[PDB]
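>>> quick one: experimental structure and sequence below.
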Amino acid sequence: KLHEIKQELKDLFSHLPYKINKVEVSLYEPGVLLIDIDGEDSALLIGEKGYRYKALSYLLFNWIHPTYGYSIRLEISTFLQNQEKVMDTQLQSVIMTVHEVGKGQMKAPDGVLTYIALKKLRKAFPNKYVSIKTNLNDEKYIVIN
Amino acid sequence: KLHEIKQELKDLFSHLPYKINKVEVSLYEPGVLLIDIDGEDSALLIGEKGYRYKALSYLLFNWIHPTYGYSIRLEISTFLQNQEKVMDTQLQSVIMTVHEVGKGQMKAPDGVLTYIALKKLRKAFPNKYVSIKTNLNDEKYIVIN
Amino acid sequence: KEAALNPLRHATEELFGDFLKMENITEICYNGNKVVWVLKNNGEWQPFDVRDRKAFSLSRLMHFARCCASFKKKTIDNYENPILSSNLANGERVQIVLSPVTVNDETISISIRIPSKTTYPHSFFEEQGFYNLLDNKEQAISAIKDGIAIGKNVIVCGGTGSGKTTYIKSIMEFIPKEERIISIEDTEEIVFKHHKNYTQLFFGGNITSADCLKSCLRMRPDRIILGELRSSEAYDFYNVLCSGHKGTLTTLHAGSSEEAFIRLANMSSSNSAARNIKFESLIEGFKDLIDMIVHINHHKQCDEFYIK
Amino acid sequence: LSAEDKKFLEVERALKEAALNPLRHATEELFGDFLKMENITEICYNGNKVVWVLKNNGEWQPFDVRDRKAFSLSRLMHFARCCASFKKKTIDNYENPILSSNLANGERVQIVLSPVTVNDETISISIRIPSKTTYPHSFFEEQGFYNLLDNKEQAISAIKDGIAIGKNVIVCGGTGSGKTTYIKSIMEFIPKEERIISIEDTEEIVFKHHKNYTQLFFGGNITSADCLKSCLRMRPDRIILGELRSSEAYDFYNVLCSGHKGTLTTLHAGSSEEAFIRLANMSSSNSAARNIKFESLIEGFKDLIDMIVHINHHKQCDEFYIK
Amino acid sequence: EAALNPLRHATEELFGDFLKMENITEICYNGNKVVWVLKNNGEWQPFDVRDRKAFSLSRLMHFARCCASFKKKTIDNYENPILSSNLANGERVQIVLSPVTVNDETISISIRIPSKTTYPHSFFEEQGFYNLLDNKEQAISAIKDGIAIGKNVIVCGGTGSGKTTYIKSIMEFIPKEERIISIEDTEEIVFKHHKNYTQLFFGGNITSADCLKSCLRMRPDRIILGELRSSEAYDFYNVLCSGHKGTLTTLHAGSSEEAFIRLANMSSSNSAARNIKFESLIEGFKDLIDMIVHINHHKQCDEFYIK
Amino acid sequence: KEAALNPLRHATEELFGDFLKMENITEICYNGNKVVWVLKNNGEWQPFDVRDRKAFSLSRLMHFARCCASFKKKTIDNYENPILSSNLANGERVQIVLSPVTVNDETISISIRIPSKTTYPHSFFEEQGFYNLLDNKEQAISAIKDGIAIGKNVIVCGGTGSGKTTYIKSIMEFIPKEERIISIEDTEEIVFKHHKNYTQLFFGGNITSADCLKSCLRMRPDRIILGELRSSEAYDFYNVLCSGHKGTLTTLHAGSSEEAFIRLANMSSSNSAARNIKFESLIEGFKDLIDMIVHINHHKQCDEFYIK
Amino acid sequence: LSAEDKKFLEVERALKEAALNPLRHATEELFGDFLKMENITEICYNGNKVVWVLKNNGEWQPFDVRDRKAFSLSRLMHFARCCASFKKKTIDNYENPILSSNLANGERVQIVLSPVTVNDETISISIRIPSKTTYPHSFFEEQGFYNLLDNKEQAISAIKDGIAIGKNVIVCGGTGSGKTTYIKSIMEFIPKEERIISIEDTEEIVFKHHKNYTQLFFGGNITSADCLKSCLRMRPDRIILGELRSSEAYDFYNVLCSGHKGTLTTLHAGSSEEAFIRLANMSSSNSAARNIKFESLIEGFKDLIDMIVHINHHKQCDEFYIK
């Protein structure tokens, strides 16, 4: 399966040229594949404020999860690891409100950042109901009670 | 606090003689104290099918938790770690049903064994609802769905 | 089974052996103060002092309680489980209560229900004037005999000691011998004097009364005899009725027919599957399906015979 | 083996005492002098250096405690935290400023903190003292309990004969009407041969005319309904339910429906009609009753309650409801 | 007192002149260099503070953070632009910042000043409170004898009718031996005739219903519920049934018949009232309420209802 | 603020600049097919072809959409967030819809609501025959003038473009100048021509309309003006009414007075705090508290004036 | 920058096509020959080597597939799993033996497995084919659509004039009554100057007389109610709601209450009275309607629905309800 995925991603990246040098597919966690892409044209796949990265991460999920049964971790250069480090600050600030109060909330981050945040908050906080609720302004928040 | 607890348990074990050799009080987990008691008269504190061990574990909680804010882990000889090992067989067997099906159940074990079982089942099984429900027969079961 | 059985049998004999051998008794009670109270069939409580008996100590009573608990794979203690419902070795019901639910450290409450195990013919009931108080006397006897022959849903209600199970056994004559019977019980009380094709089901531990009700629907019964209605299984009992098998017999604690219906709906309501159903709809459903209700008074006579 | 069990009981008693000691000490430090007073029903602290004591005769008496180290804020917060932790609760100046708990001998404590009270230096405490002294029914007849009723001797006969034959009786009034003291006096008229089972949270009911009885007590994870369920499996002739407060009122309704006569209970109400409303409202919070019309709940109690005795604020019956 | 000092100085520097004013009930700043004070007579008085360095945005933000810090809360221009807190003594403060306020330069501050005045009931008599009534002297006797003996009384009328003012004056007729528990949003009731009392306050995650429940466990002789607003009317109803004497409360209503209807409708919005008919509720209140005093916009009684 | 502001302003000008400069318009729509539709005040839709404009490409429209989203700290994409409600720089409302909610890959829907920012005196409404259709004409004008002076709860209802906010501004004359006003809005529309003591509140992001309603109760208002009722905050609005301040003004979409009440209860019902309240009780509650409802028809005239 | 966005669109399309390919291939393998047939409404497989095709004229035609490798059990289970995973669902022989999903071009698929079907070798599949061909209203007039009505020309005028003035119209009937084909024909009578917004799950409605329009589509985490909420912020003159199925019927009720006229929708019903019942029952499953009396729900729709056209099984109107 890992072979078919990589064969299709290399396939695709030369039916429409990007300067793409690495496309690795590997097992990352139980049921999760790491898709790792780099090159000179890496920032062209990240896009204005990571919109293309987000598009790609959904599109890779919608292909790989229905066909191969795996969820996805996408990395383009060091984009995701930077986003995870940035998110880590606010996310420890939340965990310390939920331990000094018991109640907390942080605005849902962009794309799969929300789902990474969910697992991390769900891990500090058994036993507490970490879920994603939406407000009257249609703004999504991860809420802990 | 650790000093006052040990001072009271040695105190008591010689106002009413047991051949009690070690009485240690130490920090075990965040918010949990290990109370470790041994001696020749150790099986006399475990009692017929662990009834005295269960009584002691509740009574130590009811004293130490309201007074000092700590939960407790009681050990008399090797009693508890034997019970945890026996419980581990059935418990690995329950999680294999809940992974091959999604739904599972095991009868609530005696005393604090239930609570040890709860945390262990609550740990393999984020994100799933582990709770203790009661039968029409008034029989308690730990239920996962 | 007999590793767990022997300790309980000897502990029972040691404590209550002299009282369990007594004839025509319905209840044995201990209130934690050296007195064994026996309730006789004639309704008199008789106190027996046991302060002179070495057998009655706090530790022996506590050993008996744990033996009683273990026999039914249950636990009893002064902590999370101070209330116990269990059985003696031969099956008689035992209610045990410990501190902190009793008044102090040294108080153990024990209540033993003595079953009336003797089986009377229905002719004996007729002769003793079971139906004699009734205005609708002859229509009641005809409804019992002809109604149960065709296949009707009947409830026998009354208080404790009124002889509901006894009366149930007697009316089983009128179920045709050809019919397959399935009974559902806590303890073995129902007997099969007239039927060769039958299966007894018993609930306990993981298997609830409701699991037995669901099972019986896949065991092709002609008649379903449910020992007693107590709580949430009344909703599952209603489902048994809705699948229209030939007939059912059951018992319930109620003071009248109208109280029986209220009671059935109340028991069904406390079921999770009924949480958004109108109480009216529950009552009405039972009123649709129940054909006769026999209320037995405290003197073991029918004082109301409801016929739909 | 009995000697080992007898020995382990002393281990249990020592550990129970160890648990209760900080509460027992904090209680004595603050309210020792007041809890020792004769004929008291309530002790109140209002957060301004005055302890208020309510006597059985209805008189409030103030006591200055400005001189006492025990009525410092931190000593009062210590006491509150002991109370809270004793019933596995928390009390704080944030999400849990209201506490309902108990003292060691089982008296009820109500504690209120800032921001529910007027300022951060105000702590409110109310201790209810259980009905202790037992009066014979002759005391009620002698002291004018029935004097307001225009059918005095007929009403007294009705209560005596109704209790004797096994009628379902409710005694109602406000706090300090002497509800419980009165229930106990009329237990005289239950035939001595009847097996009584009482259900309370603390020991108030006394058994002076009956030998076959069991007292059941609820608290913590044991509810009144758990005791009522157990009670029905214990072959009682008479069930005395100390007080109705919430959802167990519908458990009590089902008992009445189960063909059980001769129940005796109390609730807080201002008349017989208010008792029925109160019964239906308390029953409403119960599982089985969640989809039941209020009007059906009311009519159900009215079909089953035989007598209601209401007691006024001067400890006299002003209404003797008979069905 | 150290952590109770930088707030004191911050409050002193900004609102010192206004807080020392007599007979005031509210202080408002609307971000536009004008301090608005509401007097007890119901009039707003503007005070221009443009010529003050103390009302700078940096100064106002320091004050805001002090109020936040004092109650262990936060206030910023992002997730937390709205703050409910207290000044050092205890007066309630509401602070609103951008982006909830109109622009960059706008802070909103509202300070609620507790009442410490009570009018005597003799004031109401001589100001002609009972003069619209054909049964004037009977009505005066009835309210005095009724409150004394423990009758359930409702005082109703609209905003500015003096409902609370009147209900505070009739407290004179509650015997001084009575233990009183009051339930309020804001501190209006003043205890001048009773030494045994406790005040209960709701707000935030503490409801009026919570205080009512607590109140029943606090051995009261009289319960004074400041005002009836919605679903707590059902909890109020159960209090009227629990065997207490002489509950006092206020209500926005235009007559006794409107009061009962409003009482029934308020109760019906309680979750626990789901299965009760409107008809049972209204007849219930009618059976329990002894007196209704309706006051008009002229602050006079124009209906004296007796059961 | 201006780092996020500049991109959006230039993108707006590039695309819709010629249309936003148009006078007496109420709506600008793009349907993803090179035509800008303008709805005029007289009710005519006018199509403008923009196929010859380089400014209109998929990428430029998509850049504008993201700029519009970021300005209000929101996101728009073809994945979890293909529907957007946001604002232009000067505050006009923007609805953007993307694929897969639109018909294909290359279709972007844009709807811009043009506010009528002009403020008319109430005398102008009277003179143009706003109340002229009414049978209860003179009682309506008296209720508007005297009723709002004393302090009453009024709702102005009607469809989009009916001029509800405009009418609201006009009736504010009749709130005495001494009264403290608090308004709660999505966008700044209400003006204060007669009142010096006022505070404007605006909801967005973490702060909901309901948070503003709760806040205003602790800011000592005499009058509360809620811009519009849309959903669950109708329950919080009802609480604002129950704490009986002097008066409130609000708007709502409804076809009549009776539909206004249904609509208020419907919006309140979808609130979690109202999940076990009878719909009847919700309606009745609003019927108790609402004093006048003014319905404005599609021709900007009152065709129903409900007075309690 | 436009050239980079234009290029990335091709990456998105390639990745979308990659996702759909296993479903598109499994579909062609099994049903390719049948999906290519002209004038078809439904394709059914019943688990016994016969594919049943339902034509537009109402005729069922069987086709033997015993010879085809594609109708093996494992190939049918492969297809079912592709269908399931496409709508983020699972299908199995245990807890999920029933599946409602879609094919790539949006046609609805219903799959049933053992143990809901007769045995382990029985797989049930039902594919609904969307209403494709667009007929003018003249076709309905020419082919006898109105012939059963005893007021033929008056009813035709009423529909034309009612649609023109902005009456709320519902077209109902059973499956294959031609509800949607008929809605489309009467769109002729909406003034050409009106801005229409349609809401569907797949593209069926065609715009032949209107230039100012937007189509909205629901699916996945976008609900019909999400589209309706957006629709109200898009300044429509006319709202066409393809079909009412469940809780969005009450969202539709609130739209009618919001002063919006000129709505057009369809539902499954056997008459106008059955349409109102069906409307009330669908509305019941909604949040706002959970505590609303069924009778109030019914009367609410009856005050707001202007016309209901019911179509029988022979594609004729048998009831023309006018308010």
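Done, it's in. Numbers count the residues shown, from 1 in each chain, chains lettered A, B, ... in the order given.

>>> please, where are all the helices along chain C?
C:2-20, C:58-71, C:122-127, C:137-142, C:148-150, C:164-171, C:209-216, C:233-242, C:257-269, C:279-289 (DSSP state H).

>>> quick one: the last one to helix C:257-269, angle?
Interaxial angle of helix C:279-289 relative to helix C:257-269 (axes from the mean of the first three to the mean of the last three CA atoms, to 10 degrees): 120 degrees.

>>> for burial, what's the neighbour tally of residue C:229?
22 (other CB atoms under 10 Å in any protein chain shown). Quick note: C-beta positions are derived from backbone N, CA and C, even for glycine.

>>> who's the closest residue to it other than its chain neighbours bridged to?
Closest residue to residue C:229 apart from its sequence neighbours, by CB to CB, 6 or more residues apart in numbering or on different chains: residue C:252 at 4.6 Å. Going by DSSP bridges, residue C:252 is paired in beta bridges with residue C:157.

>>> circling back: could the helices of chain C go into CSV alongside distance to residue F:280?
Shown next, in CSV, are the helices of chain C (distance: least, CB to CB, whole Å):
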stretch, distance to residue F:280
helix C:2-20, 60
helix C:58-71, 53
helix C:122-127, 54
helix C:137-142, 47
helix C:148-150, 47
helix C:164-171, 45
helix C:209-216, 37
helix C:233-242, 30
helix C:257-269, 24
helix C:279-289, 19
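
>>> surely the residue nearest to residue C:229 and residue C:154 touch.
No - using CB atoms under 8 Å, residue C:252 is not in contact with residue C:154, being 11.0 Å away.

>>> for the residue of the stretch 1-150 of chain C found nearest chain A, give me its contacts.
Residue of the stretch 1-150 of chain C nearest chain A, by CB to the nearest CB: residue C:80 (19.7 Å). Applying CB atoms under 8 Å, 6 or more residues apart in numbering or on different chains to residue C:80 gives the contacts B:58, D:221.

>>> which of residue C:252 and residue C:154 has more neighbours?
Comparing residue C:252 with residue C:154 by other CB under 10 Å, the one with more neighbours is residue C:252, at 24 against 21.

>>> mind listing what the more buried one touches?
Residue C:252 touches C:155-157, C:228-229, C:260, C:263-264, counting by CB under 8 Å, 6+ apart.

>>> one step back: export the helices of chain C as JSON lines, with columns for mean neighbour count.
Output for these, formatted as JSON lines (neighbours: other CB atoms under 10 Å in any protein chain shown):
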{"stretch": "helix C:2-20", "mean neighbour count": "16"}
{"stretch": "helix C:58-71", "mean neighbour count": "20"}
{"stretch": "helix C:122-127", "mean neighbour count": "14"}
{"stretch": "helix C:137-142", "mean neighbour count": "14"}
{"stretch": "helix C:148-150", "mean neighbour count": "16"}
{"stretch": "helix C:164-171", "mean neighbour count": "21"}
{"stretch": "helix C:209-216", "mean neighbour count": "20"}
{"stretch": "helix C:233-242", "mean neighbour count": "21"}
{"stretch": "helix C:257-269", "mean neighbour count": "23"}
{"stretch": "helix C:279-289", "mean neighbour count": "17"}
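
>>> ok, which of the ones you listed comes nearest chain E?
For the helices of chain C, the distance to chain E is smallest for helix C:279-289, at 9.2 Å, taking CB to the nearest CB.

>>> which strands or helices does the closest one pack on?
helix C:233-242, helix C:257-269 (3 or more CB pairs under 8 Å, 6 or more residues apart in numbering or on different chains; DSSP states H and E).

>>> and for that helix, what's in contact with it?
With CB under 8 Å, 6+ apart as the criterion, helix C:279-289 contacts C:153, C:238, C:241-242, C:261-262, C:264-265, C:268-269, C:274, C:308, D:291-293, D:296.

>>> switch to 7 Å and redo it
With contact meaning CB atoms under 7 Å, 6 or more residues apart in numbering or on different chains, helix C:279-289 is reached by C:153, C:238, C:241, C:261, C:264-265, C:268-269, C:274, D:291-292.

>>> roughly how far is that helix from the heart of the chain?
24 Å (CA atoms, centre = their mean, to the nearest Å).

>>> output that helix as CSV, nothing but the C-alphas.
Output in CSV follows, covering the C-alpha atoms of helix C:279-289 (Å, rounded to 0.1, in the frame of the first residue of the first chain):
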residue,chain,number,x,y,z
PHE,C,279,-47.1,7.4,31.5
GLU,C,280,-50.6,7.2,30.1
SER,C,281,-49.4,5.2,27.1
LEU,C,282,-47.7,2.7,29.4
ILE,C,283,-50.9,2.2,31.5
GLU,C,284,-53.1,1.9,28.4
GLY,C,285,-50.7,-0.6,26.9
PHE,C,286,-51.0,-2.9,29.9
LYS,C,287,-54.8,-2.3,30.0
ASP,C,288,-55.0,-3.5,26.4
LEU,C,289,-53.0,-6.7,27.1
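
>>> next, the angle helix C:233-242 makes with it.
40 degrees.

>>> how about the residues of chain A by chain F?
A:51, A:54-55, A:58, A:110, A:135-139 (CB under 7 Å from any CB of the partner chain).

>>> quick check, nearest of these to residue B:15?
residue A:135 (61.3 Å; CB to CB).

>>> what's the separation between the closest one and residue A:141?
Note on residue A:135: its distance to residue A:141, by CB to CB, to the nearest Å, is 7 Å.

>>> the two: which has the busier surroundings?
Higher neighbour count among residue A:135 and residue A:141: residue A:135, with 20 against 17, using other CB under 10 Å.

>>> about what we covered before: with distance to residue B:94 as new columns, can the contacts of residue C:252 be given to me in TSV?
Supplementary listing: the contacts of residue C:252 in TSV, determined by distance: CB to CB, whole Å:
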residue	distance to residue B:94
C:155	40
C:156	42
C:157	42
C:228	33
C:229	33
C:260	42
C:263	38
C:264	37
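
>>> re earlier: quickly list what's touching both of residue A:135 and residue A:141.
Joint contacts of residue A:135 and residue A:141 (CB under 7 Å, 6+ apart) do not exist.

>>> how's chain A carved up into domains?
Domains of chain A are assigned by curated CATH domains as A:1-78, A:79-145.

>>> okay, residue C:149 and residue C:178: tell me how far apart.
Computed as CB to CB, the residue C:149 to residue C:178 distance reads 11 Å.

>>> likewise residue C:135?
Residue C:135 is 35 Å from residue C:178, by CB to CB.

>>> ok, the most far-flung residue of chain C relative to its centre to residue C:251 distance?
Distance from the C-alpha centroid of chain C, by CA atoms, centre = their mean, peaks at residue C:52 (34.8 Å). For residue C:52, the distance to residue C:251 equals 41 Å [CB to CB].

>>> list the contacts of the most centrally placed residue in chain A.
Chain A has residue A:112 as the residue nearest its centroid, 3.1 Å off, counting by CA atoms, centre = their mean. Going by CB under 7 Å, 6+ apart, residue A:112 touches residue A:57.

>>> likewise for residue A:95?
By CB under 7 Å, 6+ apart, the neighbours of residue A:95 are residue A:124.

>>> repeat that with 8 Å
Counted by CB under 8 Å, 6+ apart, residue A:95 has contacts A:104, A:121, A:124-125.

>>> so what's the one residue in the stretch 201-308 of chain C that gets nearest to chain F closest to, chain neighbours aside?
Nearest to chain F in the stretch 201-308 of chain C, going by CB to the nearest CB, is residue C:276, at a distance of 11.8 Å. Nearest residue to residue C:276, sequence neighbours excluded (CB to CB, 6+ apart): residue D:291, at 7.4 Å.

>>> residue C:282 versus that neighbour, what's the distance?
Distance from residue D:291 to residue C:282, by CB to CB: 8 Å.

>>> what about stretch A:126-144, distance to the chain center?
18 Å.

>>> quick check, it touching chain G?
No - Stretch A:126-144 does not reach chain G (CB under 8 Å from any CB of the partner chain); its nearest approach is 9.4 Å.

>>> ok, the residue of the stretch 201-308 of chain C closest to chain F - how many residues close by?
Neighbour number of residue C:276 under other CB under 10 Å is 8.

>>> can you tell me which residue is spatially central in chain C?
Short answer for chain C (CA atoms, centre = their mean): residue C:228, at 5.3 Å.
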